[PDB]
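Novice: Here it is: the structure, laid out below.
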Amino acid sequence: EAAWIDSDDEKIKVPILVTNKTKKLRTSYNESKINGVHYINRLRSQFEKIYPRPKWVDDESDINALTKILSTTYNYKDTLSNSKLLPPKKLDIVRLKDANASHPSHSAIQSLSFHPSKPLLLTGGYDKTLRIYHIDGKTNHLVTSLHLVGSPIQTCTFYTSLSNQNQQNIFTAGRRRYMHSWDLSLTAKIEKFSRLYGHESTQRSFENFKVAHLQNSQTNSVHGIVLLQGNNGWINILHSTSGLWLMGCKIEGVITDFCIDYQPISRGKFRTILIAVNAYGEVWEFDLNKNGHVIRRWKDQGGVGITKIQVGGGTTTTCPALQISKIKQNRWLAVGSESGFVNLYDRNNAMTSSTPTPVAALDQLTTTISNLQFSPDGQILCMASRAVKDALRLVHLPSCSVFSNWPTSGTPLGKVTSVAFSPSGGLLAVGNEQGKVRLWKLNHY
Amino acid sequence: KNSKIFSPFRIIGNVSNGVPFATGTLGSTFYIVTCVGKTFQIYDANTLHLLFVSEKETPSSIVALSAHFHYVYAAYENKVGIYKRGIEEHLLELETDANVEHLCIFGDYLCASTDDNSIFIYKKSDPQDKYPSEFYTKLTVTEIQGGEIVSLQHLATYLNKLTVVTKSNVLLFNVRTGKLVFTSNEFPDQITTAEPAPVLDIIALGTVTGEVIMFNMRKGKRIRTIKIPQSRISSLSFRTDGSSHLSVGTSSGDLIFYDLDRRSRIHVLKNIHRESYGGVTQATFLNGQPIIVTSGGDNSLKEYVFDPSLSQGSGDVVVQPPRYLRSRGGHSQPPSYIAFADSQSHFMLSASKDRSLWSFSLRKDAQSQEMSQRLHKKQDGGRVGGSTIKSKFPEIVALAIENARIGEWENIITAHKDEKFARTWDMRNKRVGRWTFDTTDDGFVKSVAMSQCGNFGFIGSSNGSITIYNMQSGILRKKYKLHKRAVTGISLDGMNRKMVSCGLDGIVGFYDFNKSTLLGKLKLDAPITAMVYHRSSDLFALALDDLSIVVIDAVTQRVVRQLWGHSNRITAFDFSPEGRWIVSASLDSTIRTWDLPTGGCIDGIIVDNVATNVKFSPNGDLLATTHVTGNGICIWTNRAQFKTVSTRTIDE
Amino acid sequence: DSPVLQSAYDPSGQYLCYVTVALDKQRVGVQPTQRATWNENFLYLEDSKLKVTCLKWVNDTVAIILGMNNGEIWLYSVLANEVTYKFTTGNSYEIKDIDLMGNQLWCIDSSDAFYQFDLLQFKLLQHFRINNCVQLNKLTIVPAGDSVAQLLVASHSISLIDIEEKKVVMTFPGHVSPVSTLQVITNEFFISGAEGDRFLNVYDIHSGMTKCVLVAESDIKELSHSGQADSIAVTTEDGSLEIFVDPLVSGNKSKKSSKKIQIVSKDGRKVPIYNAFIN
Amino acid sequence: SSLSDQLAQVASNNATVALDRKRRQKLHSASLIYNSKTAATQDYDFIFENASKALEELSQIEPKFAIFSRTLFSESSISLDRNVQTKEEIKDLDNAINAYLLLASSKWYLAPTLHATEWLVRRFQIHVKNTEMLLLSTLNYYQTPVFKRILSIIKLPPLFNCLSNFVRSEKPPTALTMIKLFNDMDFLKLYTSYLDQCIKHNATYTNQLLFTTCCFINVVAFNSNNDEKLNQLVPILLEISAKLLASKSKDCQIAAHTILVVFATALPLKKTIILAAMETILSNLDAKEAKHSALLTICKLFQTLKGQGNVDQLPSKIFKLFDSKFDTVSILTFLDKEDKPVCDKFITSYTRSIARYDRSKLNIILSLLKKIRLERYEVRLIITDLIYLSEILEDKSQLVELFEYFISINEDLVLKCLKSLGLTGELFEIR
Amino acid sequence: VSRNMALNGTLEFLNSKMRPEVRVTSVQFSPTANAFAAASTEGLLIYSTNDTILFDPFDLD
Amino acid sequence: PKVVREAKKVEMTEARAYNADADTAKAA
Amino acid sequence: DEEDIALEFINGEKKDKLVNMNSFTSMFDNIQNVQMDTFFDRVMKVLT
RNA sequence: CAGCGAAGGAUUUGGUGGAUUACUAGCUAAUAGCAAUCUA
């Protein structure tokens, strides 16, 4: 019964009636001295009637798998890094120092791009200067700053070639008949593209350009193309080093926007597709690694005033591939409209239908879509409107559900006139009409 | 070094330091005796009032203290002191050189374990006297029997036995016969805590991996096991009011509550104390009561209470979570700045490196209260910036309180570490104010002052520019630009007529204040680090960089004394309220008193911690110093308020 | 504030190693201090929250030891671009300072523990901790040849430590704030300077007495001493450099700076000096 | 506190004692059948005799009321007064009343139970003494006049606070009021203890399980946007899911299946919690509708599982348990259904557990992954452990024909895994 | 002029757990020595400086 | 109306405790 | 190629239905005397 | 609208705790007992 006996309590002999506390554990009025084991049992029963015996001691001593795992765990969700893809409906986004806070901008920030490799952010606006900022968390400083006189800029892009990844050009352009190209060398050697090689009537302003990669497809030689959106339906594609007009692609209607998709073919060969949208909603896809010939023509379901198309989930022009084997096919395609409606198509199945239905039509912000950008992993789309204040949403996808905890009513987004995603850090830059790039870090990355 | 002006009085603002406190019970009330460094403090558990402070400081730190009915047993370096009402009744010298580090008291026996795994038993002489006093025997736990002794307890109804909890084993000694009755089987991980259950012959063991064992000390088995993964267990307590709950205390600062009857987990109080200061160090249920007192190493002592159940028929299954009840606290980090709030020497403002501004009472320690940092509304109606996750303000460099218009408007003006604006506070409401005064030159605030009309506050930036704001309405009134390097001292006359500024380019500027002229400018021979203006006699003292204290009057703008003798940088100084002495403290670990009438050093104290702040009371009652280590405020009383001291210079 | 988080010269001041953030990840680069004798490739810390807390040039394949904030000392060769070996303690505590004497690396932990590693054996030799030293953030080996006795550890308060007994043999009154530079000048003196104050003090490592106090006119960021104690150049918070010329002679108890150097551009913009080197 | 507060406390203690005629009339006019003017004039003998008639009717419907005729409805209980015996006799008759109420909770659609519990209302005052168990037992019937009647005569407990605008009202409480009632945490602990007594005494009936599951999944839906409320709520509803899975009723088992599937799709639970949940699901699986719900539940609970470790081989114990509850024909047939459930990650984990733990049934994994289509990472992990199977054991025709399937679709991927580990000519020389 | 809580108008804030009010009816300065008398309710309060304490020099060097 | 999470005013009660001074016996 | 494996792992993720506040409010109307397995597939239709 | 603007902002209210005088512990038949008990 017991695991020890000490053989001293049996031969001890206590008094009882000397103190008032032990005066109660007698069983007679003639008891004065009792044996030790008797005395131990008397005050054991007295302890049991001071503190009554609970049921957990004598009840039990030590299909129940769920009960056991709940009684051991204290947190009940995935911990830190065994997630690898974003949780919906609640972001995790801290605010860093405003990127152009070191050197203020004298205009609305019209375009904004990160570097493909270096920690550099290029801002530029209608005050005809363009600024590069070394960004980090604390102290986003200004690397360099170039003021092109008489040339307000509207689109500015870091281009970095695929062959040697050592060029680092900046192409910039506004409402002018020329487009500048700064060659980054850390004086500054910039060149000016001002010759459409016979095609000046169909290109009266170099505002809306995009830079992309193109393969020769008889050699494995890539070169950058700039793509200019012109008047009638025209996209004029021209070489990014020589400026020679390579080809042109005409859509039927009012050309409003376009984007560049890539798809790999074999080891070291890919194919460039230009995706251009009418104002009405009908979309042309041109294969342009051959002559600029149409391969697909489909129609956006709904959508009547179409302002902005974007692809994402692979290599876009804003998440660019540094190495030719890292070129990916884009999964998602968002067509954002004048009413604020953004149709979202999933190109893993919506390349075949020719009247494809969107996987969801987002309707959360109600005025004209002027930016929509995909995060480099292709899990967030960023809708943004330069028409009212604070009109920016980050929609999670594949779930196609807007994050409900950011932005709040106190986010200093401003009148969002540009937006950019970092290619590596998981990091938003949001430029507003006051001239401020605000900077946020998504803690999933 | 002993002094002849100031004698040590108390060290206020201290509640605990993470020695596990003891509870004691007089009648049906409870007291809580917590160690603060080298003294203990007895608190009334029904209201957390400071009943007693131990009378003398022990020669080393108290390391294990227990409390029976009227008596408190405090073990420090070698010996056990038996204290009643603070005043020490007995001192038990052990015969070893090993540091005593555990003790229990049961029967006529006091048992004290040293750190060489020996146990010293002491016996009463006749069972009617009050405390165990004579030496009885010595017990030893050798390496065969068990590891290092991790606890020392006596679970009830065990006739003159002792449960010794080693790091791996549980031994049971008979302390009259000196025998080892029973040694249990080993435990597969190192056990850290023990607590006897109110169930008969059951102890509860807490391990360094996360499990609570319920050892049955008569069967030799374990009854049950509770697993809390990746948590080191630092406290164990049992509820004894007809609700069988256990409360475990985890060194990441958590207090977890278990039902033992139905084997569920009631609630977890997370971040009840700081993990960095030790987590929850001692948590105990006051017995028969649904209130549990916790204490942590972050200088804090809290109480949590269980409200009665909200279901009128079930009850035992719907257990309302524990809510907070009273608590006492102080700074968790050593204080960085010190001021007296009023002329009565009643309250004193005190700012620490843990980014809190407390207001400590010199009269009654219950009146000590943390000044709140809950901001007001913006004046126009716009939004205020800042993070959503609210944190405390950067730690306070300087402050200036002038309670001429107190309760009327903002009253304290304070300057924080590496930020370019000075906040205001209201001492009457004990809260922040509506205004943050900017420097307007993109420089950090190096000094603050405010006038004794209470209307004007003065900001001195690190780019050398004094800005004068109105304390009522919060707007810029004037802006003087004399200095080019950092302005480290601003003060003003008692009649708002001449102001005096000193920068670390070593120029003291004298300005008229009503007219905005300068009256003069005096170039000293070192950069000036600190100014103190004695306002009735119009004499201000400067701590120069050449380790002298230049005493200069503002009326005729002359250097009138120059005090030499400090060996390192002068951290602080302050005038006597009659303006006769000036007490300074410097990084050679010294505090000196200078009689500026005769110009010499009256007294010197070599103090082991470097005194970072020195302030006199505005009456001649007290000196308050603040040192590098120690979360409190050291308080001295000048003996020259009762006798007269000789102004004859010391040396060495 | 400066983007360069950490930076240190090699001995003889020929290369500079510097850790800066690059779009939320730390990167460690090495530049030659004179081109007449760019270096565009960095070591990239691949985690967004792993960062370098200290760094030390070893002396002969040339390498850096980077004390991280996860209980690791990375050992990184600079001609190649990989961490060659990853020392680790048993814990996750960030490490506050490292040093080495010869091949014997020593390091301090945020749990105030001392670790010893051997660069020739890649092994954790010793792990201990000593009483009443509880907020340590600097250690410095007092040199006695190949014997690596007498560490010198700071916590706002410098303490001299004999490692055979693992105990404290002297106690220096430090500062009122954590010590930020703690460097041995001669075989009888060491300089120390704290965070956010402009006062160095040189202590006598044999008695405990402070010989002198050196007074910058701005809060000291880094210091360098010439190898024969004849000059000490500190660089301050306002981007200036201050040279104390022959500070260890008889301006008797506290000495000001002898020379002060600042850099302005052709415009009037004052650029800040960080981390100079003197010889 | 104040004197009127302390006197309100003594009124609430002495609520049931009739200390004069007016309090006796106001206290005895609270009936469940009659109105107040008839109920005040009735006797104890009258209401006892027709309640004993109704208990004989209720007992011939369900024969577990006969012992209540022995004790609670006997003729000594006409003169038994409630507030004259001590606390121990009070707890005896209050668990007698709890036994009657959770037995007759199912019978509340037929008038003998109304006329029978009329006598508990009027003799033993269970509308004001045993009132929490009365509300919890008849909570299902909230659109019905019998719950309207007990709300009109009840004295409402403090946990049931949101029904206080539906007492003495002509309109029933609504479903959103029921979800607001269930949304509390203390109410959730109370209701789970009530269900624990129901599951223990084997009285769980399907209308109760439907109502309970509906309110539970609406609580989870309401709290689906605050993770701290979901995390407060997890060890309550997963504990009641474990206690519903630990019983014999197919209806209560698939009630727990519903709660588990809604809760796992509401928040991402831990992997080990999901595995122990499927162990508790399989450890008492005996019915057929329970098997249908159990397969769908295990599929969705593995679908809602993210990160490194979603599609490991599920371990040997749980895989052979899942084998003993679901053999090959069941899994293959359920995948051959034209409704197309989403069984991606679970079927991947299943085939990887077959390849680590069976090594004989590989033709069936060829047939089932011919049936359903998987993703690139799924089939990459499948062919990597098939490569490891080829390198550990000799490669026969079933592994060969598996690699012929993985060549006939997506041969570039099996080339990519062989080039990540091995070689194509070396693997063709292997097999 | 008073901290007696037995007089009425002394405390600005009353403990949340007629009396003679406190008032000064006449003040006068001393015609000979640097003091003033105030006729309060407690008596003739006489406030005076003394030069034994308060080191207050006049242009010392 | 939601349920009323209000706190009661807590007063301590009179509890009995075993004191261990009776757990020590002397030999003749 | 671990970045390519991570991109195909986040690429093989399919669109699911999330629980709203009011994804299950319209079940009380037809929990009347239906069987519990019909309730289970009525819930599973909402979840899918 | 502009402006202010860090994973939200404003207003109102119930409860409790701490201060609102300057901190020497509970009970009793009190030079001591009790506090597990005053009683044989």
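Ordering of the structure tokens sets the chain letters (A, B, ...), residue numbers begin anew at 1 in every chain, and ligands are numbered from 1 in the order given.
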For chain D, work out the contacting residues on chain F at 7 Å, counting only C-alpha atoms, and write them as a short mmCIF file (atom, residue, chain, number, x, y, z; two decimals) with N, CA and C atoms, in the first residue's frame.

Specialist:
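Listed below is the output, part.cif:
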data_model
loop_
_atom_site.label_atom_id
_atom_site.label_comp_id
_atom_site.auth_asym_id
_atom_site.auth_seq_id
_atom_site.Cartn_x
_atom_site.Cartn_y
_atom_site.Cartn_z
N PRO F 1 -30.25 42.30 -26.48
CA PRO F 1 -29.15 42.65 -25.58
C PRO F 1 -28.21 41.48 -25.37
N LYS F 2 -26.91 41.77 -25.40
CA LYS F 2 -25.94 40.72 -25.14
C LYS F 2 -25.88 40.44 -23.65
N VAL F 3 -25.13 39.40 -23.29
CA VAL F 3 -25.03 39.06 -21.89
C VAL F 3 -24.12 40.07 -21.19
#

Novice: Excluding region 15-21 of chain F and its own-chain neighbours fewer than 6 positions away, which residues fall within 7 Å of it when counting only C-alpha atoms (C1' of nucleotides)? Please give them as JSON, numbers by chain.

Specialist: {"A": [47, 50], "B": [28, 106, 107, 108, 156, 287, 288], "H": [36]}

Novice: Specify as a PyMOL selection string all residues of chain B found within 9 Å of chain A, counting only C-alpha atoms.

Specialist: chain B and resi 156-159+174+177+179-182+198-200+217-229+240-244+260-265+383+385+387

Novice: Using only N, CA, C and O atoms, please write the residues we just selected to a file, as a compact mmCIF listing (two decimals), in the first residue's frame.

Specialist:
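Contents of part-v2.txt, as written:
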# COMPACT_ATOMS: atom_id res chain seq x y z
N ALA B 156 2.00 18.32 4.17
CA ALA B 156 1.40 18.28 5.49
C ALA B 156 1.17 16.86 5.98
O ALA B 156 1.25 15.89 5.22
N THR B 157 0.90 16.75 7.28
CA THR B 157 0.66 15.53 8.06
C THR B 157 1.84 14.57 8.04
O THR B 157 1.68 13.40 8.37
N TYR B 158 3.02 15.04 7.67
CA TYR B 158 4.21 14.22 7.62
C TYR B 158 5.00 14.57 8.87
O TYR B 158 5.63 15.62 8.94
N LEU B 159 4.92 13.69 9.87
CA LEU B 159 5.53 13.90 11.16
C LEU B 159 7.04 13.98 11.01
O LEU B 159 7.66 13.00 10.59
N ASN B 174 13.75 12.22 7.31
CA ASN B 174 13.27 12.38 8.68
C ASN B 174 14.27 13.27 9.37
O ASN B 174 15.44 12.89 9.54
N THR B 177 15.67 12.08 13.19
CA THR B 177 16.64 11.00 13.17
C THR B 177 17.73 11.21 12.13
O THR B 177 18.65 10.40 12.05
N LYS B 179 17.57 10.88 8.93
CA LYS B 179 17.57 9.72 8.05
C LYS B 179 16.98 10.07 6.70
O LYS B 179 16.22 11.02 6.56
N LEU B 180 17.32 9.26 5.70
CA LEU B 180 16.70 9.34 4.38
C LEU B 180 15.68 8.22 4.31
O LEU B 180 16.04 7.05 4.13
N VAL B 181 14.41 8.57 4.47
CA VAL B 181 13.35 7.58 4.50
C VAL B 181 13.12 7.00 3.11
O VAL B 181 13.17 5.78 2.92
N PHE B 182 12.88 7.85 2.12
CA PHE B 182 12.43 7.36 0.83
C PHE B 182 13.00 8.23 -0.28
O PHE B 182 12.91 9.45 -0.21
N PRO B 198 -3.27 20.70 -1.80
CA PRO B 198 -4.14 20.51 -0.64
C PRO B 198 -4.76 19.13 -0.57
O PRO B 198 -5.52 18.86 0.36
N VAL B 199 -4.52 18.30 -1.55
CA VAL B 199 -4.78 16.88 -1.43
C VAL B 199 -3.70 16.28 -0.56
O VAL B 199 -2.55 16.72 -0.58
N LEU B 200 -4.07 15.29 0.23
CA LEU B 200 -3.18 14.71 1.21
C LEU B 200 -2.07 13.91 0.53
O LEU B 200 -2.32 13.14 -0.39
N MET B 217 3.42 11.27 -2.77
CA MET B 217 4.64 11.05 -2.02
C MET B 217 4.56 9.89 -1.04
O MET B 217 5.54 9.63 -0.35
N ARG B 218 3.43 9.20 -0.95
CA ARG B 218 3.36 8.01 -0.11
C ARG B 218 3.31 6.74 -0.93
O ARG B 218 3.88 5.73 -0.53
N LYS B 219 2.63 6.76 -2.07
CA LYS B 219 2.66 5.62 -2.97
C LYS B 219 3.96 5.55 -3.75
O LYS B 219 4.33 4.47 -4.21
N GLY B 220 4.64 6.68 -3.92
CA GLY B 220 5.81 6.73 -4.77
C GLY B 220 5.53 6.82 -6.25
O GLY B 220 6.48 6.83 -7.03
N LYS B 221 4.27 6.89 -6.66
CA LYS B 221 3.93 6.99 -8.07
C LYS B 221 3.68 8.44 -8.44
O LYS B 221 3.79 9.36 -7.63
N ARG B 222 3.31 8.64 -9.70
CA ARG B 222 2.73 9.89 -10.15
C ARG B 222 1.27 9.66 -10.49
O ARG B 222 0.92 8.67 -11.14
N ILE B 223 0.42 10.56 -10.02
CA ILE B 223 -1.01 10.47 -10.22
C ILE B 223 -1.40 10.91 -11.61
O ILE B 223 -2.06 10.16 -12.34
N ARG B 224 -1.00 12.10 -12.03
CA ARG B 224 -1.30 12.53 -13.38
C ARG B 224 -0.21 13.47 -13.88
O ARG B 224 0.69 13.87 -13.15
N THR B 225 -0.30 13.80 -15.17
CA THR B 225 0.69 14.59 -15.87
C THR B 225 -0.02 15.55 -16.80
O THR B 225 -0.99 15.18 -17.47
N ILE B 226 0.44 16.80 -16.83
CA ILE B 226 -0.16 17.86 -17.63
C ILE B 226 0.93 18.42 -18.53
O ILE B 226 1.99 18.82 -18.04
N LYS B 227 0.69 18.45 -19.83
CA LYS B 227 1.75 18.80 -20.77
C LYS B 227 1.47 20.15 -21.41
O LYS B 227 0.42 20.35 -22.03
N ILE B 228 2.41 21.07 -21.25
CA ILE B 228 2.39 22.40 -21.86
C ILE B 228 3.64 22.54 -22.71
O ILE B 228 4.68 22.98 -22.23
N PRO B 229 3.56 22.21 -24.00
CA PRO B 229 4.78 22.07 -24.80
C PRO B 229 5.48 23.39 -25.06
O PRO B 229 4.85 24.44 -25.19
N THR B 240 -8.18 26.43 -3.41
CA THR B 240 -8.65 25.73 -2.23
C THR B 240 -9.96 26.30 -1.71
O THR B 240 -10.13 26.49 -0.51
N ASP B 241 -10.90 26.60 -2.60
CA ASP B 241 -12.22 27.06 -2.17
C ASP B 241 -13.31 26.23 -2.82
O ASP B 241 -14.32 26.74 -3.32
N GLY B 242 -13.13 24.91 -2.82
CA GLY B 242 -14.11 24.03 -3.41
C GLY B 242 -14.11 23.99 -4.91
O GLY B 242 -15.01 23.39 -5.51
N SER B 243 -13.13 24.62 -5.56
CA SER B 243 -12.94 24.54 -6.99
C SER B 243 -11.53 24.03 -7.21
O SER B 243 -10.56 24.70 -6.84
N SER B 244 -11.41 22.84 -7.77
CA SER B 244 -10.11 22.20 -7.96
C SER B 244 -9.50 22.75 -9.23
O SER B 244 -9.61 22.16 -10.30
N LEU B 260 -8.57 20.33 -12.71
CA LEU B 260 -8.07 18.99 -12.51
C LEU B 260 -9.18 17.96 -12.48
O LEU B 260 -8.93 16.79 -12.78
N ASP B 261 -10.39 18.38 -12.12
CA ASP B 261 -11.51 17.44 -12.02
C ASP B 261 -11.96 16.97 -13.39
O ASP B 261 -12.07 15.77 -13.64
N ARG B 262 -12.23 17.91 -14.29
CA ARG B 262 -12.69 17.57 -15.63
C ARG B 262 -11.62 17.78 -16.68
O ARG B 262 -11.94 17.82 -17.87
N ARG B 263 -10.37 17.95 -16.26
CA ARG B 263 -9.17 17.80 -17.09
C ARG B 263 -9.09 18.77 -18.25
O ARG B 263 -8.34 18.54 -19.20
N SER B 264 -9.83 19.86 -18.19
CA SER B 264 -9.81 20.85 -19.25
C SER B 264 -8.85 21.97 -18.88
O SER B 264 -8.26 21.98 -17.80
N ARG B 265 -8.71 22.91 -19.79
CA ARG B 265 -7.92 24.11 -19.56
C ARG B 265 -8.87 25.29 -19.49
O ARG B 265 -9.57 25.58 -20.46
N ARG B 383 -6.92 63.94 -38.50
CA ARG B 383 -6.45 62.70 -37.91
C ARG B 383 -5.04 62.88 -37.37
O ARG B 383 -4.26 63.69 -37.88
N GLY B 385 -1.40 61.01 -36.66
CA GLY B 385 -0.68 59.93 -37.30
C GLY B 385 -0.35 58.77 -36.40
O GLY B 385 -1.16 58.35 -35.58
N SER B 387 1.51 54.84 -35.35
CA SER B 387 1.18 53.45 -35.56
C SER B 387 -0.14 53.10 -34.89
O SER B 387 -0.54 53.72 -33.91

Novice: By how many Å are CA of residue 75 (chain C) and CA of residue 129 (chain C) apart?

Specialist: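 Between these atoms lies a distance of 24.2 Å.
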
Novice: Using 12 Å as the limit and counting only C-alpha atoms, can you tabulate each residue of chain C that touches chain A, with its shortest atom-to-atom distance in Å and the two atoms involved, as CSV?

Specialist:
residue,atom,partner,partner_atom,distance
C:1,CA,A:139,CA,6.8
C:2,CA,A:139,CA,7.2
C:3,CA,A:139,CA,6.2
C:4,CA,A:139,CA,10.0
C:5,CA,A:138,CA,10.6
C:20,CA,A:136,CA,8.8
C:21,CA,A:136,CA,5.8
C:22,CA,A:119,CA,5.3
C:23,CA,A:136,CA,4.5
C:24,CA,A:136,CA,5.8
C:25,CA,A:425,CA,7.9
C:26,CA,A:136,CA,9.5
C:27,CA,A:119,CA,10.9
C:38,CA,A:186,CA,10.5
C:40,CA,A:118,CA,10.8
C:41,CA,A:118,CA,11.2
C:42,CA,A:118,CA,11.3
C:44,CA,A:118,CA,11.9
C:46,CA,A:425,CA,10.7
C:47,CA,A:445,CA,9.4
C:48,CA,A:445,CA,7.9
C:49,CA,A:443,CA,10.2

Novice: Which residues of region 270-325 of chain B sit at most 9 Å from region 6-10 of chain F, using only C-alpha atoms? Give each one's shortest atom pair and distance in Å (one decimal place), in chain and ascending residue order, as CSV.

Specialist:
residue,atom,partner,partner_atom,distance
B:305,CA,F:10,CA,8.1
B:307,CA,F:8,CA,6.9
B:308,CA,F:8,CA,8.4
B:323,CA,F:7,CA,8.5
B:325,CA,F:10,CA,9.0

Novice: Would you mind exporting the chosen residues as a compact mmCIF listing (two decimals), in the first residue's frame, restricted to N, CA, C and O atoms?

Specialist:
# COMPACT_ATOMS: atom_id res chain seq x y z
N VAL B 305 -8.64 37.85 -9.99
CA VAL B 305 -9.73 37.28 -9.23
C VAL B 305 -10.65 36.51 -10.16
O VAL B 305 -10.76 36.81 -11.35
N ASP B 307 -14.41 35.67 -10.81
CA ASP B 307 -15.78 36.01 -10.49
C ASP B 307 -16.61 34.74 -10.41
O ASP B 307 -16.25 33.72 -11.00
N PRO B 308 -17.72 34.75 -9.66
CA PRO B 308 -18.58 33.56 -9.62
C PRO B 308 -19.25 33.32 -10.96
O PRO B 308 -19.44 34.24 -11.76
N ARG B 323 -10.16 37.81 -14.02
CA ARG B 323 -10.05 39.20 -14.36
C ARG B 323 -9.03 39.85 -13.46
O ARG B 323 -8.58 39.27 -12.48
N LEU B 325 -7.49 42.60 -10.80
CA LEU B 325 -7.90 43.21 -9.55
C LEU B 325 -6.76 44.18 -9.29
O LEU B 325 -6.07 44.51 -10.25

Novice: Taking only C-alpha atoms (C1' of nucleotides) into account, report as a list in words which residues of chain H lie within 12 Å of chain E.

Specialist: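 Residues satisfying the distance criterion: residues 19, 20 and 21 of chain H.
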
Novice: Could those selected residues go to a file with C-alpha atoms (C1' of nucleotides), as a PDB file, in the first residue's frame?

Specialist:
ATOM      1  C1'   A H  19      -5.805  57.712  -5.529  1.00  0.00           C
ATOM      2  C1'   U H  20      -8.909  61.565  -3.488  1.00  0.00           C
ATOM      3  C1'   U H  21      -4.758  63.156   4.799  1.00  0.00           C
TER       4        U H  21
END

Novice: Residues of chain G classed as alpha helix (DSSP H) by DSSP on the backbone are to be reported as a PyMOL selection string.

Specialist: chain G and resi 2-11+36-47

Novice: Each residue of chain B lying at most 6 Å from chain E should get a row with its shortest atom-to-atom pair and the distance in Å to one decimal, counting only C-alpha atoms; could you produce that, ordered by chain and increasing number, as a tab-separated table?

Specialist:
residue	atom	partner	partner_atom	distance
B:537	CA	E:56	CA	4.8
B:560	CA	E:61	CA	4.5
B:578	CA	E:54	CA	4.3
B:579	CA	E:55	CA	5.7
B:580	CA	E:55	CA	5.2

Novice: Distance cut-off 7 Å, counting only C-alpha atoms (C1' of nucleotides) - which residues of chain H neighbour chain B? Return them as an MDAnalysis selection string.

Specialist: chainID H and resid 4:6 17:19 22:27 35

Novice: As a list in words, please: the residues near residue 46 (chain G) (cut-off 8 Å, only C-alpha atoms (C1' of nucleotides), same-chain neighbours under 2 positions excluded).

Specialist: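 Skipping anything fewer than 2 positions along the chain leaves residues 23, 24, 42, 43, 44 and 48 of chain G.
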
Novice: Go ahead and save the picked residues with N, CA and C atoms, as a compact mmCIF listing (two decimals), in the first residue's frame.

Specialist:
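Once everything was written out, this is again-v2.txt:
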# COMPACT_ATOMS: atom_id res chain seq x y z
N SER G 23 -23.31 32.95 -45.05
CA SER G 23 -23.31 31.78 -45.91
C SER G 23 -24.18 30.65 -45.38
N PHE G 24 -24.57 30.70 -44.11
CA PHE G 24 -25.36 29.63 -43.51
C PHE G 24 -26.62 30.13 -42.83
N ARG G 42 -26.36 19.53 -47.92
CA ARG G 42 -26.76 20.92 -48.10
C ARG G 42 -25.69 21.88 -47.61
N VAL G 43 -24.95 21.52 -46.57
CA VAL G 43 -23.82 22.33 -46.13
C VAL G 43 -22.67 22.23 -47.12
N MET G 44 -22.41 21.02 -47.62
CA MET G 44 -21.29 20.82 -48.53
C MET G 44 -21.53 21.51 -49.87
N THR G 48 -18.83 24.13 -51.29
CA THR G 48 -18.33 24.04 -52.65
C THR G 48 -19.15 24.91 -53.58
